[PDB]
Amino acid sequence: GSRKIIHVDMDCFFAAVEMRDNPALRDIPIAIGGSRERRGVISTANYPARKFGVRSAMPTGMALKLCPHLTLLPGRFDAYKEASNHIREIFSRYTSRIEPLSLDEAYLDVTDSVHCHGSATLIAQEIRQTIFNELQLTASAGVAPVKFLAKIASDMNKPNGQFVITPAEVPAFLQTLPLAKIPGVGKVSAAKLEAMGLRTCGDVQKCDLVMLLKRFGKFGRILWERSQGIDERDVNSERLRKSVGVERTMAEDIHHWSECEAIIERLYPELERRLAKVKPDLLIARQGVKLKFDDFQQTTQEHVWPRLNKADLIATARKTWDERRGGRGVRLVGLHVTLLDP
DNA sequence: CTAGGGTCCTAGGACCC
DNA sequence: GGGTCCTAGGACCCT
Ligand SMILES: [Mg+2]
Ligand SMILES: [Mg+2]
């Protein structure tokens, strides 16, 4: 009863697309991200930039101090979406059991697959080869009996490689696996776990489930399970989008309501256009706004509302502005919609 | 020197039983 | 007192 889960993950996805479409960028350090003047961060970088230490989520000013010749690109999201659609179609030739996690990656459940003599290793290789053949982009892959191990495995032989974890290999793999490598164990959790002496899954194996539940709630059960290779989450091909957001960080903090309202007037048409792609009648469950202050505190305020409405968003932003700003500058303004349940 | 697109979990009071 | 809804905040994920 052992499943075969493949995780496919494009290499340096945004950058890889820009090097394909502009071979001049292949061998110089490049990154997709907002400029230092826009107070941007790196979305991703190519391997020439990563050699300097450039990483996703790094402030662009930090990226540029590490790599002064870094070439900064704005991003062509329709080009990324197009490659995404293509690889998802390539996935469908092998199975309908496809759970995309983002543009550039998906889980595949090939447990019941007839391709490649049922070899999940050979399927992942065919899929990566096909992606290369048809998109001239490389992908890496992980093969394992459960989702999270497959996702970890796809990083281990990046780029343009794959890694297989068999059930017999699972205990040795877990023993020294850093907790931080588990998807959903982030910096804050890893630091909490570290300060109680828990660094690896092998450390957590020596822990009592009851203690983990008291100390972390349902997250503690997840930690206990994962540390044992337990991950019963099924590949789910039926997930639906729940929200639509549009937000902008300004190059300088704003201090006047007039400036905030001007920002919203430019954000609203974009929110309407994106909502309309998925809900032509603009019917929604909730709408709301987001402010981020100069001290990086963030507040949202959102409410039940039947249909995207600009004036109510301005009104709500005005209340938030007046009521929760306390004289701080504002670096970000955002609009938000929660979609109806079906 | 700190983005923009999101999902999920938690938690208190409201409301309903 | 128990469910569920409403709401805000925050960890976390991808690039
Ligand atoms: Mg990737
Ligand atoms: Mg990915």
Side-chain angles (χ1 to χ4, degrees), chain A residues 7 9-18 30-46 50 54-64 66 72-77 79-81 83-84 99-106 148 151 154-155 180-192 216-222 233 236 239-251 253 267 270-271 274 285-305 316 320 323-324 331-339 341:
Chain A
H7 178 259
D9 190 316
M10 302 296 294
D11 303 311
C12 301
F13 184 41
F14 292 6
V17 169
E18 304 292 350
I30 77 168
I32 286 87
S35 69
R36 187 180 33 202
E37 293 68 37
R38 289 271 305 257
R39 307 200 282 187
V41 313
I42 303 299
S43 274
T44 193
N46 70 346
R50 294 181 174 184
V54 177
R55 301 285 186 275
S56 296
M58 175 165 63
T60 296
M62 189 41 132
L64 279 164
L66 284 164
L72 219 40
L73 313 178
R76 291 179 303 115
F77 286 95
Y80 313 146
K81 179 58 154 181
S84 184
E99 173 173 353
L101 302 173
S102 63
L103 289 187
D104 90 321
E105 77 184 60
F148 87 99
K151 180 155 177 29
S154 69
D155 277 357
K181 289 229 157 187
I182 302 167
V185 175
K187 304 288 151 284
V188 170
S189 307
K192 284 177 40 58
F216 300 98
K218 299 157 167 288
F219 185 63
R221 178 178 290 285
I222 296 285
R233 299 172 298 151
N236 175 4
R239 300 178 65 192
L240 298 173
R241 186 225 284 270
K242 296 185 182 177
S243 64
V244 179
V246 181
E247 73 211 29
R248 239 50 193 187
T249 292
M250 334 308 313
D253 297 357
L267 293 170
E270 292 304 282
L271 176 56
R274 278 155 54 170
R286 316 162 53 81
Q287 64 166 25
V289 307
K290 171 153 78 186
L291 301 185
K292 188 188 296 173
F293 306 107
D294 49 31
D295 75 342
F296 278 80
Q297 186 192 281
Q298 178 186 302
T299 190
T300 56
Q301 80 171 90
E302 302 162 354
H303 51 245
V304 166
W305 194 267
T316 301
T320 317
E323 286 166 352
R324 317 179 187 179
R331 62 184 287 113
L332 168 154
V333 185
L335 308 186
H336 186 272
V337 135
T338 308
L339 297 182
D341 286 325

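A note on names: the letters A, B, ... follow the listed sequences, proteins ahead of strands, and every chain is numbered from 1. Note that these values count all heavy atoms, side chains included, but never hydrogens, waters or copies made by symmetry.
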Pairing residues for A/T316 by the side-chain contact (heavy atoms from CB on, under 4.5 Å) criterion, not counting sequence neighbours: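 Testing A/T316 for side-chain contact (heavy atoms from CB on, under 4.5 Å), a comparison that skips the adjacent residues, returns A/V289, A/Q301, A/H303, A/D312, A/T320.
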Answer yes or no: does a side-chain N or O of [X] lie under 4.0 Å from OP1 or OP2 of [N]?
X: A/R38; N: B/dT2; answer: no
X: A/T60; N: B/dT2; answer: no
X: A/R239; N: B/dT7; answer: no
X: A/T249; N: B/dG4; answer: yes
X: A/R331; N: B/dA3; answer: yes

Rounding to a whole Å, what distance do you find between [X]:[atom1] and [N]:[atom2]?
X: A/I32; N: B/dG4; atom1: CD1; atom2: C1'; result: 14 Å
X: A/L335; N: B/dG4; atom1: CG; atom2: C1'; result: 13 Å
X: A/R55; N: C/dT15; atom1: CZ; atom2: P; result: 14 Å
X: A/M58; N: B/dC1; atom1: CE; atom2: P; result: 11 Å
X: A/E247; N: B/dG6; atom1: CD; atom2: P; result: 9 Å
X: A/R241; N: B/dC8; atom1: CZ; atom2: P; result: 13 Å
X: A/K187; N: C/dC12; atom1: NZ; atom2: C1'; result: 9 Å
X: A/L103; N: C/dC13; atom1: CG; atom2: P; result: 18 Å

Closest-nucleotide ordering on DNA chain B, the 5'-leading residue of A/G40 and A/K242: A/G40
Whichever of A/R39 and A/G245 has its nearest DNA chain B nucleotide further upstream toward 5':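 Nearer the 5' end of the strand: A/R39.
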Counting heavy atoms from C-beta on, name the nucleotide in [options] closest to the side chain of [X].
X: A/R36; options: B/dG6, B/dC1, C/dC14; result: B/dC1
X: A/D9; options: C/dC14, B/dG4, C/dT15; result: C/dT15
X: A/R274; options: B/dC1, C/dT15, B/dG5; result: B/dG5

Could you tell me whether the side chain of [Y] reaches within less than 4.5 Å of the side chain of [X], counting heavy atoms only?
X: A/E105; Y: A/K151; answer: yes
X: A/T44; Y: A/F13; answer: no
X: A/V337; Y: A/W305; answer: no
X: A/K81; Y: A/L103; answer: yes
X: A/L64; Y: A/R36; answer: yes
X: A/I42; Y: A/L72; answer: yes
X: A/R50; Y: A/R55; answer: yes

Label [N] north or south, basing it on the sign of the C1'-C2'-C3'-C4' dihedral.
N: B/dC15; result: south
N: C/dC14; result: north
N: B/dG12; result: south

Contacted groove, taking side-chain atoms of A/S43 that come under 5.0 Å of paired bases: minor
Heavy atoms under 4.0 Å, any strand shown: does [X] hit a base, just sugar-phosphate, or nothing?
X: A/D11; result: nothing
X: A/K151; result: sugar-phosphate
X: A/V41; result: base
X: A/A15; result: nothing
X: A/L332; result: sugar-phosphate
X: A/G186; result: sugar-phosphate

A/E99: salt bridge (charged side-chain N to carboxylate O under 4.0 Å, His left out) partners, not counting sequence neighbours: A/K147, A/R239
Distance-only donor-acceptor check, side chains A/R39 and A/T249, under 3.5 Å: no
Contact pattern, 5' to 3', of nucleotides 9-15 of chain B - B, S or - by protein heavy atom under 4.0 Å: -S-----
Flag if over 12 foreign heavy atoms under 6.0 Å of CZ, A/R286: yes
Over 12 foreign heavy atoms within 6.0 Å of CG, A/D295: yes
Bracket notation of DNA chain C in which parentheses pair within the strand, [ ] cross earlier pairs, and | pairs with another strand (Watson-Crick or G-U, under 3.5 Å): .||||||||||||||
Residues which pass side chain to side chain donor-acceptor pair (under 3.5 Å) with A/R76, listed by chain and number, not counting sequence neighbours: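 Partners of A/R76 by the side chain to side chain donor-acceptor pair (under 3.5 Å) criterion, ordered by chain and then number, come out as A/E18, A/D21.
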Aromatic ring pairing A/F14/A/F77, orientation class (parallel under 30°, perpendicular over 60°, tilted between): perpendicular
Any residue of residues 288-300 of chain A with a heavy atom less than 4.0 Å from an atom of DNA chain C: A/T299, A/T300
Distance between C1' atoms of B/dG13 and C/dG1 (Å, rounded): 15 Å
